[PDB]
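Down below is the structure, laid out as structure tokens.
Below, chain A is the first sequence line, B the second, and so on; all start at residue 1.
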Amino acid sequence: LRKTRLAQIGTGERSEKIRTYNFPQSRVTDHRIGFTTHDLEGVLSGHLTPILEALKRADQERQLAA
RNA sequence: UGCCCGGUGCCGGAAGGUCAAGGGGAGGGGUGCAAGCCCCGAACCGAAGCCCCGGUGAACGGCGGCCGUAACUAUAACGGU
Ligand SMILES: [Mg+2]
Ligand SMILES: [Mg+2]
Ligand SMILES: [Mg+2]
Ligand SMILES: [Mg+2]
Ligand SMILES: [Mg+2]
Ligand SMILES: [Mg+2]
Ligand SMILES: [Mg+2]
Ligand SMILES: [Mg+2]
Ligand SMILES: [Mg+2]
Ligand SMILES: [Mg+2]
Ligand SMILES: [Mg+2]
Ligand SMILES: [Mg+2]
Ligand SMILES: [Mg+2]
Ligand SMILES: [Mg+2]
Ligand SMILES: [Mg+2]
């Protein structure tokens, strides 16, 4: 339970980031794949379905073999 | 060589409360023709001791429980009761 979190959370510093919610530019960016929407209000309201799907397609495009 | 004098001990306290013998003798009783003789007996005065008020530990002794809370988990300096 402990070592697993240190893979997920880690140091929690400004780096190590998975997603930026920069209110100035109304942007939510998943830096690990490059998908960025611009509905920072709807995303924060709970419409995270596109970000999960856009990671889902790049999730099996982690299984591209030979 | 710390904190606790509520209990026990000891020390201090001419007040107060309780308290024996004794003092007191309201008012009762027995007996006698009577004068009397004989018993009972309220209030009230009346020590120490105990009660009561303090002090006292190198006097007898005694020195808690539960719940919550911090940049990973853990822990809890902190808080509540
Ligand atoms: Mg004591
Ligand atoms: Mg005392
Ligand atoms: Mg004492
Ligand atoms: Mg006593
Ligand atoms: Mg004394
Ligand atoms: Mg008498
Ligand atoms: Mg007399
Ligand atoms: Mg008369
Ligand atoms: Mg007569
Ligand atoms: Mg006395
Ligand atoms: Mg006392
Ligand atoms: Mg001592
Ligand atoms: Mg003892
Ligand atoms: Mg004791
Ligand atoms: Mg914690």
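Syn is the classification of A14(B), since its glycosidic angle stays within 90° of 0.
For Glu16(A) and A71(B), the CD to P distance is 17 Å, given to the nearest whole Å. Taking atom CD of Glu13(A) as the reference point, atom P of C72(B) lies 12 Å away to the nearest angstrom.
The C1'-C2'-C3'-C4' torsion of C11(B) is positive. Its sugar is therefore classed as north. Judged by the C1'-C2'-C3'-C4' torsion, the sugar of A58(B) sits on the south side, since the angle is negative. North puckering is assigned to the sugar ring of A42(B), since its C1'-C2'-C3'-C4' angle is above zero. South puckering is assigned to the sugar ring of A76(B), since its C1'-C2'-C3'-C4' angle is below zero. Judged by the sign of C1'-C2'-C3'-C4', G13(B) carries a north-puckered sugar.
Between the side chain of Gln25(A) and the backbone N or O of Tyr21(A), no donor-acceptor pair lies under 3.5 Å. Put simply, the side chain of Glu16(A) never gets that close to the backbone of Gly10(A): no donor and acceptor are under 3.5 Å apart.
The gap from the P atom of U1(B) to that of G57(B) amounts to 16 Å, rounded to the nearest Å. Across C10(B) and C63(B), the matching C1' atoms stand 23 Å from one another, rounded to whole Å. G46(B) sits 32 Å from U8(B) when the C1' atoms are compared, rounded to a whole Å. Spacing of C1' atoms, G41(B) relative to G29(B), comes out at 10 Å, to the nearest Å. With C1' as the reference atom, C40(B) and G12(B) are 46 Å apart, rounded to whole Å. The separation of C52(B) from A76(B), taken at their P atoms, amounts to 46 Å, rounded to a whole angstrom. Atom name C1', nucleotides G13(B) and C66(B): the rounded distance is 45 Å, in whole Å. Nucleotides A43(B) and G28(B) place their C1' atoms 15 Å apart, quoted to the nearest Å.
Judged on ring centres (limit 5.5 Å) and ring planes (limit 30°), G36(B) and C37(B) form a stacked step. Under the 5.5 Å centre and 30° plane thresholds, the six-membered base rings of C60(B) and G61(B) are judged to be stacked. Consecutive residues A14(B) and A15(B) do not stack, lacking base ring centres under 5.5 Å apart with planes under 30°.
Residue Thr29(A) forms a side chain to side chain donor-acceptor pair (under 3.5 Å) with just one option from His31(A), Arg27(A), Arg32(A), and that option is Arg27(A).
Across all strands shown, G64(B) forms no Watson-Crick or G-U wobble pair with both distances under 3.5 Å. Partner assigned to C52(B) is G13(B), using Watson-Crick or G-U wobble distances below 3.5 angstrom.
Nucleotides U8(B) and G17(B) fail the base-pair criterion, which asks for a Watson-Crick or G-U wobble arrangement whose two donor-acceptor distances both fall under 3.5 Å. Geometry at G36(B) and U31(B) meets the Watson-Crick or G-U wobble definition, both required distances lying under 3.5 Å.
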Evaluate side chain to side chain contact (heavy atoms under 4.5 Å, CB included) for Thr37(A) paired with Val43(A), printing each intermediate quantity in order.
-> CA-CA 9 Å; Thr37(A) 156; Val43(A) 157; 3.9 Å; yes
Verdict with supporting geometry, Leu44(A) and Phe23(A), side chain to side chain contact (heavy atoms under 4.5 Å, CB included) | CA-CA 11 Å; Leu44(A) 281 170; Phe23(A) 285 19; 3.5 Å; yes
Side chain to side chain contact (heavy atoms under 4.5 Å, CB included) assessment of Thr36(A) paired with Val28(A) | CA-CA 6 Å; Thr36(A) 159; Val28(A) 185; over 6 Å; no
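With rounding to the nearest 0.5 Å, the separation of CD1 in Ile33(A) from CD in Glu61(A) is 10.0 Å.
Against RNA chain B, the stretch residues 3-12 of chain A makes heavy-atom approaches under 4.0 Å through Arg5(A), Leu6(A).
Looking at residues two or more places apart in sequence or on another chain, you find no side-chain hydrogen bond (donor to acceptor under 3.5 Å, both in side chains) involving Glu13(A).
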